[PDB]
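So the structure is just underneath, and the comments pick up after that.
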Amino acid sequence: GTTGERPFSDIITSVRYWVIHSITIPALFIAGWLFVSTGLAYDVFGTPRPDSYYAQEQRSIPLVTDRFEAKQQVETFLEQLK
Amino acid sequence: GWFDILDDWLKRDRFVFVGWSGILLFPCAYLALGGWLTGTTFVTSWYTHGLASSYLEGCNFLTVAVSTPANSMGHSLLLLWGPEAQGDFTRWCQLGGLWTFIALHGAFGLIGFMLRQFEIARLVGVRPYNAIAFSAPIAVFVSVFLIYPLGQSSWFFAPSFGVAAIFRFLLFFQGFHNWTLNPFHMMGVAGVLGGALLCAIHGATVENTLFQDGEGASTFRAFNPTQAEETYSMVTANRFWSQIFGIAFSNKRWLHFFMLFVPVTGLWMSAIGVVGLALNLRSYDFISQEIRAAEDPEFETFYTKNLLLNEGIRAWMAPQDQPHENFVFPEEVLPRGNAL
Amino acid sequence: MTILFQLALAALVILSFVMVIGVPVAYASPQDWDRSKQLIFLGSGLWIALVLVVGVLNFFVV
Amino acid sequence: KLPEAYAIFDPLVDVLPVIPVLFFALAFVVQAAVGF
Amino acid sequence: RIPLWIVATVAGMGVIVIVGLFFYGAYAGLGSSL
Amino acid sequence: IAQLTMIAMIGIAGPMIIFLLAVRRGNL
Amino acid sequence: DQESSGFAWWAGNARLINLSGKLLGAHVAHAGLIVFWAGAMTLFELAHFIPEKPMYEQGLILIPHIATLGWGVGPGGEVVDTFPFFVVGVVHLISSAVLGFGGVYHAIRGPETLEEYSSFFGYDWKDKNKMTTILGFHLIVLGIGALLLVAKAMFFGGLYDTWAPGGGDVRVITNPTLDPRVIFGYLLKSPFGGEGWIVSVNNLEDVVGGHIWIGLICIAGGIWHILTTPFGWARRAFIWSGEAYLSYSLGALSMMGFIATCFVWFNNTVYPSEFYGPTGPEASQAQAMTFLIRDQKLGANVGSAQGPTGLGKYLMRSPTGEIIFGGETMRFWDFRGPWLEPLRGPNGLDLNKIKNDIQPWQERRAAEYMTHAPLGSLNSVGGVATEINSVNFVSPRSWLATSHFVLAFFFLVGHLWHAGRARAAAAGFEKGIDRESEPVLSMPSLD
Amino acid sequence: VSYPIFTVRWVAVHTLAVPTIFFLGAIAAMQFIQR
Amino acid sequence: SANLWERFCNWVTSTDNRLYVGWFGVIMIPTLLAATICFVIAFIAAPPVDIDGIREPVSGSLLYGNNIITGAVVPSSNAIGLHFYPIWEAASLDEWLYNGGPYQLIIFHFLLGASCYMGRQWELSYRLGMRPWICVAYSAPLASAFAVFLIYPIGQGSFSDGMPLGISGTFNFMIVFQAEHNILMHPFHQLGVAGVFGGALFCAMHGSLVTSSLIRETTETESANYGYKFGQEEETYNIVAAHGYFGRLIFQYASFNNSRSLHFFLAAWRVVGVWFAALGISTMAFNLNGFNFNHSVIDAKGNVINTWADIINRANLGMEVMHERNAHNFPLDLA
Ligand SMILES: CCCCCCCCCCCCCCCCCC(=O)OC[C@H](CO[C@@H]1O[C@H](CO[C@H]2O[C@H](CO)[C@H](O)[C@H](O)[C@H]2O)[C@H](O)[C@H](O)[C@H]1O)OC(=O)CCCCCCCCCCCCCCCCC
Ligand code: CLA
Ligand code: CLA
Ligand code: CLA
Ligand code: CLA
Ligand code: CLA
Ligand SMILES: C=Cc1c(C)c2cc3nc(c4c5[nH]c(cc6nc(cc1[nH]2)C(C)=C6CC)c(C)c5C(=O)[C@@H]4C(=O)OC)[C@@H](CCC(=O)OC/C=C(\C)CCC[C@@H](C)CCC[C@@H](C)CCCC(C)C)[C@H]3C
Ligand SMILES: CCCCCCCCCCCCCCCC(=O)O[C@H](COC(=O)CCCCCCCCCCCC)CO[C@@H]1O[C@@H](CO)[C@H](O)[C@H](O)[C@@H]1O
Ligand SMILES: CC1=C(/C=C/C(C)=C\C=C/C(C)=C/C=C/C=C(C)/C=C/C=C(C)/C=C/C2=C(C)CCCC2(C)C)C(C)(C)CCC1
Ligand SMILES: CC1=C(/C=C/C(C)=C\C=C/C(C)=C/C=C/C=C(C)/C=C\C=C(C)\C=C\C2=C(C)CCCC2(C)C)C(C)(C)CCC1
Ligand SMILES: CC1=C(\C=C/C(C)=C\C=C/C(C)=C/C=C/C=C(C)/C=C/C=C(C)/C=C/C2=C(C)CCCC2(C)C)C(C)(C)CCC1
Ligand SMILES: [Fe+2]
């Protein structure tokens, strides 16, 4: 079939591709990295960090009990929880 | 015009087709890929299974999975802005949510994508049939990600959107639904499996009955993209299996069609079967046996011998698989043979 | 000997890493099949010799 | 752990085995430069 | 302009280096067992 | 410890022969 | 040979099957990676080898072989000379250069056609004699060391023999085997459980003893083919084409590799376990041994103990040989190793012996083998399918036996695709099926 | 001729290529989060 | 005639006998004829079998109480394991019966003649003069059947644990396995379920398109399928209008115009994955089981965080424990 949208080999092999990108690609690679390093990713998605999955003493699991006052639960767990 | 401008535009070629469909395919489908992805990389699934579900937590490819909502929610769509989460993208990310998301957004991606199969199809003067065949998965994905869960207790027991987390989905059935022994599921493997052969064979059967119509060691180029010329002697075909297997796929409209059927069909038989599992209607049963299983403590079929494996799969996993029940099984109650 | 050796062996490696990239480009670029021919015999005996050198050398430090 | 006098090279000894593979790899690099 | 193969191999090694990192990362990585 | 840097060189030893061959000529 | 007038890129090496190979050098080229690989891994192995840690406990596939030959071991499977191992890899490795240094040449700067330079035996496949004579060389070649080994076995140091009097220990094979009934007899031996035709081999006397017989037998072949031309039913029978030659030849490996995979999993003789892990059956027999002791030592009668099933826990009965360990362990009543043979009897395991002559050096070797068993995950967490991460160990036998099968399998796949394409030249329909002259579109319709 | 840099084709190829490296970097980062 | 065998020689190789019977034929043909005959009966009416190392007879004959699904002809007992238990080695016919000797017969037989069919799978591609990378497709299949009947047995030492010939039997051979090999977590089986799923998807794909760009030749009353005659010279489908569609439906270039390549892709995908799989079993045959990440994810204090694989493993123990209750007379299922 007749195809005509801006070619690929062109730019993957392009001089400009590598010059705009070289600098920006790792900008994302780095950006992601920082997202992890700051440790914000954790707070970003509640995702606990090894240091804080279980409180110190307790052995039970901080399980969400009631679907409607769930927000509380999480807290009261994340609460007593270190 | 005003419509046709939108049409005219979005409708013509431009490499990556984008159509009347795309409007829902692309968005839903995207989010969906993302939806699953973000979870595996950053989102935890602890507050629902006390189980780690993210690279970030340390999980690997085969470990990561985007949880599934605690048995406390049930089937509530668990909305980001709904009463449960209240647009708290961290809690909402915590109460699982992403699930209903990935699943619902996803559920459209399919609806949407199949449409696209129609759109591009009605625009190119072909038979939609491909779009039909595609029910094969919609039915599965519908039943297996919405219906079954919707039939059980909570979104929880629904698939897992994991690699291993999904393997759990198997066993758990074998162990509780003893699916393995359910006619419907059977045709489900009768079709997939049966079809795969059908595929691997037509593919190779074709390659060999290829007319040397090129020059040298590259029968891959010798083919004409341009015009009609049966590349594989249909005659050198039948007279082959007719003598090697006793049968001849004499015709190509049916051959290249019967291949459409095989799978799609079985899949449905699967989707039906599981529909059963939704309302716990399962094929564990097999009275004729079990009734005589009572007396004759010495008669044993694989069925029973197998059925027993199941009975172990329960007793051991239920306590940790179904955490919200706070099951407790003392050292004693656990079923075991003499030895381990 | 214990001191001399470590430079002797590490020589053999910088010579082989060399000897390697060498011949390859050599048989490839026949323009200097006539001159590089010797850049190929250079390492060679010095390489073989460098190995027989690590020779009596190893039976002397351990 | 190689003879004491080789202490310096545990690092290379470490890699040497990867090479074999490396060859099927290169075989491609060339085939690619030579447009198949 | 820039030769095509040269972009492939350097693009590739990255996948082979990044992927390699990931395997190491499973040994000391949080997900190790220590 | 060092192991990694020294592996690096050997690994890029092969594509370098391809490069040194691109510039000069032959092979073809 | 460029593209056109050749195959595609993936079938690259086919254009080397054209004219006279530009390079033997390819074959030599890698005939090096193969020898270099020993040079790296061997170095790498020792590079990680500790003398105390059981050789099989430290992923040693390569190193255990040197030991099995009598090098760097002696009393018990203990390693005294970290040197010998190092030696062999160092040599090979370096040895590889010459092998590669040359193959690398023969392929680019030498005669792009040795068909012409021919003279010296030379090149062309159909040439029925150049081939009979060639293999002929490589026949004297092999048998060559068959003796090389016999020497190491009889004139340079000996081998490791677990059976050997005292206990595992480097010993010299004094009296190899004469009698052809024995050395040959194995081939005629059962293939199934109880007697594997190749595998079953108690001692070295029959090994080195047999190798001898093979060196000469094999040399007598090179000497043979080198001098003559294959008969007419031979020509009549087998297709001759460079490819076709690989085709056969390749399916000798397939088979052979299985013969390895099936061998490295089963023998304690040529694979001592002091260097490899305890053989699969040995394991579930070792367990037996350990617990027969645990209770007997705890005060149980053992011999007369009625087991859960109806058979008996510690001791059971087999159909042909009367007495063996009982569990599910039975499957392996054919297992034989020095750690359990003393406690053997006329009728089988002896109650009197097992009860009082069962010494300590056994309870501890028995327990090592109970633990260290050929069970692990790719993850490399040695143990039952469902064990916690902690003790990890994968038997050399696991990797060895496993790999070779997948490869040897795959090869069998090869023997096919290379016979499938080669039996095709034989008539010329290999390129395809001629659009105007196909046998079928002109044949009596089956009905 | 002169084909734009802001192509339909491109918007897509991007929504992916941006995150991917954002993620890949995120992950290569985790590879060390001990303790 | 000079010799009468001359005719036997062309007959076997009769390129026109309704059903070709090559040289492999002459072995296949009956090896399966005996194999089948023993089978069909063993199912219909055969005594129980002590299978497991004990004397617990497992019944598997319709006439002995089997539904078609429960049906199965059972293996040889851990008593024999690998020894060759042919019909003569057994004293009373009934011995062979009880100790489960049909298995070996059925298994050994088909498992053999099967391969010859694989040979005679190609022998017709020679007498017929067609490219023959066909017989190989058939491998993957035969490999597995060989794997599940011959490798694994030699692997664990007894034909005892070789996928019992019967419906519910397989299910058994399976659930057990998972338990002792975590097969499901095995990289190989993956690449297996990979293709199978694929092929089963491609089988519906390539079958879909063709019929979707079928071409003209019918009414609405007529069966569109009728539009074609055996021995057509030009294919029935309009390939250009097909790729012209599918290609478009997401990417345009992730599509096939090269019919030879496509039909090929269909071959190799299923056939390659299936191989890995066939190898998967054959891999764990000597205990290189699937992955294992139990307790592999932990927090600071060491309190253990269950991996979604720990459940896999939980449900795994439930399996480990029960399977073959009574025999297992020791702590470790070392077989
Ligand atoms: C009798 C007629 C039978 C008809 C069958 C016809 C079917 C057609 C053939 C196809 C496959 C079936 C053939 C069976 C071959 C497999 C070997 C086997 O089963 O026999 C089992 C024996 C095992 O030997 C073991 O030998 C042991 C002895 O060792 C013990 O005792 C020794 C000293 O005696 C040592 O002390 C040692 O340490 C100790 O462990 C015991 O006696 C065991 O009971 C015994 O099992 O293996 C061996 O020796 C034999 C090794 C042969 C090489 C095979 C390679 C691997 C098999 C691959 C199959 C290829 C087919 C693939 C097709 C699909 C795609 C490829
Ligand atoms: C795996 C081992 C192997 C070997 C021994 C060969 C050998 C060969 N291939 Mg080949 N090939 C292979 C794998 C191999 N191939 C694979 C896996 C593929 C799939 C991509 C191919 C695809 C392929 C194609 C399409 C073709 C060949 C061809 C050839 C032949 C031409 C060689 C040449 O021109 O090199 C040229 C060499 C260069 C351009 C530079 C490479 C530098 C190498 C030789 C040196 C490296 C040595 C090492 C790095 C350091 C040692 C130095 C030493 C002095 C110490 C030669 C017989 C050609 C043929 O048809 O022959 C008649 C051909 O057209 N191959
Ligand atoms: C005869 C083939 C063979 C066998 C049986 C082994 C076996 C072993 N090797 Mg090994 N190795 C080999 C060839 C082999 N190697 C070669 C050619 C090299 C040079 C590159 C190495 C370099 C090497 C290193 C650096 C190390 C090992 C180690 C090991 C041990 C543990 C490895 C493991 O558990 O990961 C399992 C690995 C896999 C499951 C790879 C997955 C396979 C994928 C890629 C697909 C493969 C498909 C194909 C059919 C198989 C290819 C065959 C293989 C040669 C690649 C194990 C005994 C480790 C060890 O024990 O240290 C002392 C170790 O550190 N090897
Ligand atoms: C492995 C099997 C093998 C086989 C069958 C061959 C066969 C051949 N090689 Mg060869 N080669 C090999 C391995 C092999 N090679 C390896 C591993 C290398 C690495 C260097 C080489 C390097 C090499 C070179 C540079 C040349 C050959 C050549 C040849 C051809 C000349 C035959 C001749 O009369 O030599 C007979 C040789 C002997 C009987 C050995 C004599 C040993 C002493 C008495 C003197 C040898 C010189 C000295 C010892 C060191 C050699 C230096 C070197 C320049 C030769 C012949 C086809 C020549 C060729 O171009 O063929 C067309 C050629 O120029 N080869
Ligand atoms: C190393 C690789 C190799 C290769 C590729 C060959 C290839 C060949 N050799 Mg040969 N050979 C080799 C090594 C090799 N040889 C070695 C190392 C020796 C040492 C002697 C010989 C000695 C030798 C001799 C004396 C002869 C050959 C011959 C041949 C040719 C015919 C072989 C044939 O097709 O057998 C096909 C044979 C069969 C299929 C046998 C089928 C019949 C069965 C039933 C035998 C009956 C079994 C009996 C009861 C005993 C046990 C049976 C069973 C229970 C095990 C063929 C070109 C013949 C040739 O023409 O010139 C030499 C020949 O006369 N070779
Ligand atoms: C490239 C991948 C690869 C790697 C890393 C290995 C590695 C190994 N193989 Mg092996 N193998 C492979 C592919 C590989 N193999 C393939 C594709 C086949 C065909 C199916 C085989 C068939 C095979 C057999 C039959 C045996 C091995 C053995 C071995 C081990 C000893 C090496 C050896 O025998 O030295 C030099 C040779 C010996 C020490 C014994 C020679 C055996 C006699 C001479 C019969 C013929 C040898 C054999 C056919 C030649 C293959 C040698 C190998 C280096 C390729 C070693 C771990 C041996 C083993 O089990 O451990 C000791 C062994 O008996 N392999
Ligand atoms: C083995 C599982 C399986 C996979 C994963 C799979 C994948 C796919 N099948 C497709 C097509 C098809 N499959 C078909 C029949 C079948 N397909 C089958 C089985 C599969 N098919 C079986 C059951 C039948 C056999 C015939 C037909 C013939 C087609 C099509 O022609 C089509 C195709 O042309 O492929 C090339 C492609 C359509 C792409 C698409 O619609 O994206 C656009 C929109 C999507 C997919 C967004 C959906 C978002 C939803 C699903 C969210 C889900 C997120 C989680 C599931 C991700 C979790 C990841 C895990 C690791 C947990 C591709 C997605
Ligand atoms: C040969 C190729 C040919 C075709 C077949 C190839 C099959 C290859 C299979 C490999 C898949 C899994 C990779 C190993 C996992 C691993 O180990 O990497 C992990 C994340 O992986 C990953 O993130 C897997 C990446 C896959 C995501 C694909 C999403 C699809 C969208 C892509 C769009 C691109 C435009 C990171 O490590 C994990 O997380 C770490 C924490 O940082 C832990 O420490 C552990 O290491 C844990 O394993
Ligand atoms: C140091 C030393 C040495 C050297 C050596 C060598 C020679 C090495 C090598 C090397 C090499 C030489 C390696 C490798 C290779 C290769 C490469 C580096 C490649 C590549 C890459 C990539 C990444 C690619 C990619 C791709 C893609 C993308 C797809 C397909 C195609 C291709 C392949 C291109 C030795 C060892 C001898 C020892 C002594 C010293
Ligand atoms: C969720 C979310 C979202 C979105 C999202 C996203 C954005 C996602 C993402 C993303 C993505 C998009 C991701 C992904 C991807 C990718 C990647 C990152 C990949 C991967 C990886 C890997 C690792 C790979 C590997 C490989 C390959 C690639 C193939 C072959 C083999 C190998 C290995 C090479 C929304 C808005 C809806 C909402 C909010 C949140
Ligand atoms: C694949 C091929 C190729 C190439 C090549 C080949 C194939 C081969 C070979 C071979 C080779 C490539 C070889 C070699 C070599 C050499 C070596 C491998 C060496 C060495 C040495 C060493 C390694 C050493 C080191 C050391 C010493 C000296 C002593 C002490 C220790 C140390 C470590 C220091 C190509 C791609 C072009 C294509 C064609 C084929
Ligand atoms: Fe088709």
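Starting from 1 in every chain, residues are counted up; chains themselves are A, B, ... following the order of the structure tokens, and ligands are numbered from 1 as listed.
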
Quiz prompt | Neighbour list for range 91-96 of chain B as a count of residues only, cut-off 10 Å, only C-alpha atoms, skip fewer than 4 positions in-chain | solution = 38

Exercise. Could you list, as a ChimeraX atom specification, the residues of chain E having an atom within 12 Å of chain D when counting only C-alpha atoms?
Key: /E:3-10,12-13,16

Expected file: the selected residues, N, CA, C and O atoms, as a PDB file, in the first residue's frame:
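Resulting contents of part28.pdb:
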```pdb
ATOM      1  N   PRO E   3      25.779   5.905  10.874  1.00  0.00           N
ATOM      2  CA  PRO E   3      25.553   4.497  10.502  1.00  0.00           C
ATOM      3  C   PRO E   3      24.530   3.769  11.382  1.00  0.00           C
ATOM      4  O   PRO E   3      24.565   3.870  12.607  1.00  0.00           O
ATOM      5  N   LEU E   4      23.623   3.028  10.749  1.00  0.00           N
ATOM      6  CA  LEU E   4      22.572   2.315  11.472  1.00  0.00           C
ATOM      7  C   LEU E   4      23.045   1.238  12.428  1.00  0.00           C
ATOM      8  O   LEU E   4      22.559   1.160  13.540  1.00  0.00           O
ATOM      9  N   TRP E   5      23.999   0.415  12.028  1.00  0.00           N
ATOM     10  CA  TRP E   5      24.439  -0.612  12.943  1.00  0.00           C
ATOM     11  C   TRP E   5      24.966   0.004  14.232  1.00  0.00           C
ATOM     12  O   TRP E   5      24.598  -0.426  15.324  1.00  0.00           O
ATOM     13  N   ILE E   6      25.798   1.032  14.105  1.00  0.00           N
ATOM     14  CA  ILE E   6      26.378   1.676  15.275  1.00  0.00           C
ATOM     15  C   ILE E   6      25.357   2.144  16.304  1.00  0.00           C
ATOM     16  O   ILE E   6      25.677   2.246  17.489  1.00  0.00           O
ATOM     17  N   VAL E   7      24.139   2.448  15.878  1.00  0.00           N
ATOM     18  CA  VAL E   7      23.143   2.846  16.854  1.00  0.00           C
ATOM     19  C   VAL E   7      22.542   1.592  17.495  1.00  0.00           C
ATOM     20  O   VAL E   7      22.189   1.601  18.673  1.00  0.00           O
ATOM     21  N   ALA E   8      22.448   0.503  16.735  1.00  0.00           N
ATOM     22  CA  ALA E   8      21.873  -0.741  17.257  1.00  0.00           C
ATOM     23  C   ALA E   8      22.677  -1.366  18.384  1.00  0.00           C
ATOM     24  O   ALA E   8      22.152  -1.651  19.458  1.00  0.00           O
ATOM     25  N   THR E   9      23.961  -1.573  18.138  1.00  0.00           N
ATOM     26  CA  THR E   9      24.822  -2.191  19.128  1.00  0.00           C
ATOM     27  C   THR E   9      24.922  -1.386  20.417  1.00  0.00           C
ATOM     28  O   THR E   9      24.881  -1.964  21.499  1.00  0.00           O
ATOM     29  N   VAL E  10      25.062  -0.066  20.319  1.00  0.00           N
ATOM     30  CA  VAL E  10      25.153   0.743  21.535  1.00  0.00           C
ATOM     31  C   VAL E  10      23.781   0.784  22.210  1.00  0.00           C
ATOM     32  O   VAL E  10      23.692   0.903  23.435  1.00  0.00           O
ATOM     33  N   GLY E  12      21.705  -1.681  21.993  1.00  0.00           N
ATOM     34  CA  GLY E  12      21.604  -3.041  22.502  1.00  0.00           C
ATOM     35  C   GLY E  12      22.330  -3.294  23.812  1.00  0.00           C
ATOM     36  O   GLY E  12      21.743  -3.816  24.757  1.00  0.00           O
ATOM     37  N   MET E  13      23.617  -2.954  23.850  1.00  0.00           N
ATOM     38  CA  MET E  13      24.434  -3.130  25.043  1.00  0.00           C
ATOM     39  C   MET E  13      23.701  -2.559  26.237  1.00  0.00           C
ATOM     40  O   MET E  13      23.744  -3.125  27.320  1.00  0.00           O
ATOM     41  N   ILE E  16      21.345  -4.903  27.333  1.00  0.00           N
ATOM     42  CA  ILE E  16      22.141  -6.000  27.907  1.00  0.00           C
ATOM     43  C   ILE E  16      22.881  -5.598  29.186  1.00  0.00           C
ATOM     44  O   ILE E  16      23.248  -6.456  29.987  1.00  0.00           O
TER      45      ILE E  16
END
```

Protein and nucleic acid residues within 7 Å of ligand 10 (only C-alpha atoms and all ligand atoms) as a PDB file with N, CA, C and O atoms, in the first residue's frame:
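And here is the file that came out, out.pdb:
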```pdb
ATOM      1  N   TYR B  30      -4.466   2.490  26.723  1.00  0.00           N
ATOM      2  CA  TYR B  30      -3.216   3.042  27.215  1.00  0.00           C
ATOM      3  C   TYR B  30      -3.177   2.907  28.712  1.00  0.00           C
ATOM      4  O   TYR B  30      -2.388   2.134  29.253  1.00  0.00           O
ATOM      5  N   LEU B  31      -4.048   3.669  29.368  1.00  0.00           N
ATOM      6  CA  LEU B  31      -4.157   3.686  30.822  1.00  0.00           C
ATOM      7  C   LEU B  31      -3.981   2.291  31.355  1.00  0.00           C
ATOM      8  O   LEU B  31      -3.242   2.039  32.303  1.00  0.00           O
ATOM      9  N   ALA B  32      -4.705   1.385  30.733  1.00  0.00           N
ATOM     10  CA  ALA B  32      -4.648  -0.003  31.100  1.00  0.00           C
ATOM     11  C   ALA B  32      -3.205  -0.518  31.153  1.00  0.00           C
ATOM     12  O   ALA B  32      -2.777  -1.004  32.201  1.00  0.00           O
ATOM     13  N   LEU B  33      -2.461  -0.420  30.044  1.00  0.00           N
ATOM     14  CA  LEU B  33      -1.075  -0.900  30.039  1.00  0.00           C
ATOM     15  C   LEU B  33      -0.382  -0.196  31.184  1.00  0.00           C
ATOM     16  O   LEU B  33       0.337  -0.802  31.978  1.00  0.00           O
ATOM     17  N   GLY B  34      -0.618   1.097  31.288  1.00  0.00           N
ATOM     18  CA  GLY B  34       0.005   1.817  32.365  1.00  0.00           C
ATOM     19  C   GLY B  34      -0.453   1.266  33.694  1.00  0.00           C
ATOM     20  O   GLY B  34       0.354   0.860  34.528  1.00  0.00           O
ATOM     21  N   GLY B  35      -1.769   1.252  33.868  1.00  0.00           N
ATOM     22  CA  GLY B  35      -2.383   0.776  35.090  1.00  0.00           C
ATOM     23  C   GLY B  35      -1.722  -0.440  35.692  1.00  0.00           C
ATOM     24  O   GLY B  35      -1.500  -0.515  36.907  1.00  0.00           O
ATOM     25  N   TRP B  36      -1.426  -1.414  34.843  1.00  0.00           N
ATOM     26  CA  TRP B  36      -0.784  -2.621  35.318  1.00  0.00           C
ATOM     27  C   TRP B  36       0.669  -2.320  35.617  1.00  0.00           C
ATOM     28  O   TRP B  36       1.197  -2.706  36.657  1.00  0.00           O
ATOM     29  N   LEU B  37       1.303  -1.619  34.691  1.00  0.00           N
ATOM     30  CA  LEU B  37       2.698  -1.281  34.837  1.00  0.00           C
ATOM     31  C   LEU B  37       3.039  -0.518  36.098  1.00  0.00           C
ATOM     32  O   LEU B  37       3.843  -0.990  36.893  1.00  0.00           O
ATOM     33  N   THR B  38       2.441   0.650  36.295  1.00  0.00           N
ATOM     34  CA  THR B  38       2.731   1.425  37.499  1.00  0.00           C
ATOM     35  C   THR B  38       2.707   0.561  38.743  1.00  0.00           C
ATOM     36  O   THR B  38       3.618   0.619  39.566  1.00  0.00           O
TER      37      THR B  38
ATOM     38  N   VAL E  15      20.500  -2.392  26.733  1.00  0.00           N
ATOM     39  CA  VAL E  15      19.483  -3.333  27.146  1.00  0.00           C
ATOM     40  C   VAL E  15      20.192  -4.479  27.864  1.00  0.00           C
ATOM     41  O   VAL E  15      19.719  -4.935  28.900  1.00  0.00           O
ATOM     42  N   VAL E  19      19.653  -4.737  31.726  1.00  0.00           N
ATOM     43  CA  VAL E  19      19.084  -6.046  32.055  1.00  0.00           C
ATOM     44  C   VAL E  19      20.063  -6.762  32.982  1.00  0.00           C
ATOM     45  O   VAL E  19      19.663  -7.359  33.978  1.00  0.00           O
TER      46      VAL E  19
ATOM     47  N   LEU H  16       5.031   6.479  25.383  1.00  0.00           N
ATOM     48  CA  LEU H  16       5.756   5.277  25.819  1.00  0.00           C
ATOM     49  C   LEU H  16       7.243   5.544  26.136  1.00  0.00           C
ATOM     50  O   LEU H  16       7.698   5.339  27.265  1.00  0.00           O
ATOM     51  N   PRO H  19       8.050   7.625  29.616  1.00  0.00           N
ATOM     52  CA  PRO H  19       7.912   6.852  30.856  1.00  0.00           C
ATOM     53  C   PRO H  19       8.943   5.750  30.952  1.00  0.00           C
ATOM     54  O   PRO H  19       9.726   5.698  31.893  1.00  0.00           O
ATOM     55  N   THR H  20       8.924   4.865  29.967  1.00  0.00           N
ATOM     56  CA  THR H  20       9.865   3.756  29.910  1.00  0.00           C
ATOM     57  C   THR H  20      11.231   4.118  30.517  1.00  0.00           C
ATOM     58  O   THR H  20      11.685   3.498  31.488  1.00  0.00           O
ATOM     59  N   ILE H  21      11.881   5.130  29.954  1.00  0.00           N
ATOM     60  CA  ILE H  21      13.178   5.529  30.467  1.00  0.00           C
ATOM     61  C   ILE H  21      13.043   6.149  31.846  1.00  0.00           C
ATOM     62  O   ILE H  21      13.986   6.121  32.632  1.00  0.00           O
ATOM     63  N   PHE H  23      10.886   5.084  33.994  1.00  0.00           N
ATOM     64  CA  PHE H  23      10.761   3.875  34.796  1.00  0.00           C
ATOM     65  C   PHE H  23      12.082   3.131  34.899  1.00  0.00           C
ATOM     66  O   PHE H  23      12.564   2.869  35.998  1.00  0.00           O
ATOM     67  N   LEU H  24      12.668   2.807  33.752  1.00  0.00           N
ATOM     68  CA  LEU H  24      13.930   2.084  33.715  1.00  0.00           C
ATOM     69  C   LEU H  24      14.951   2.702  34.646  1.00  0.00           C
ATOM     70  O   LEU H  24      15.774   2.012  35.240  1.00  0.00           O
TER      71      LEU H  24
END
```

Practice problem: Name the residues, by chain letter and number, that sit within 9 Å of ligand 5 using only C-alpha atoms and all ligand atoms, and give them as a ChimeraX atom specification. | Solution: /G:131-132,135-136,138-140,142-143,187-189,214-225,228-235,237-238,245,248-249,252

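Taking only C-alpha atoms, the non-local environment of residue 21 in chain F within 9 Å (same-chain residues fewer than 5 positions away omitted) comprises residues 24, 25, 28 and 29 of chain C; 16, 26 and 27 of chain F.
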
Self-check item: Proximal residues of chain A relative to chain B (only C-alpha atoms; 12 Å) as a ChimeraX atom specification
Solution: /A:1-8,32-33,35-37,39-54,59-75,77-78
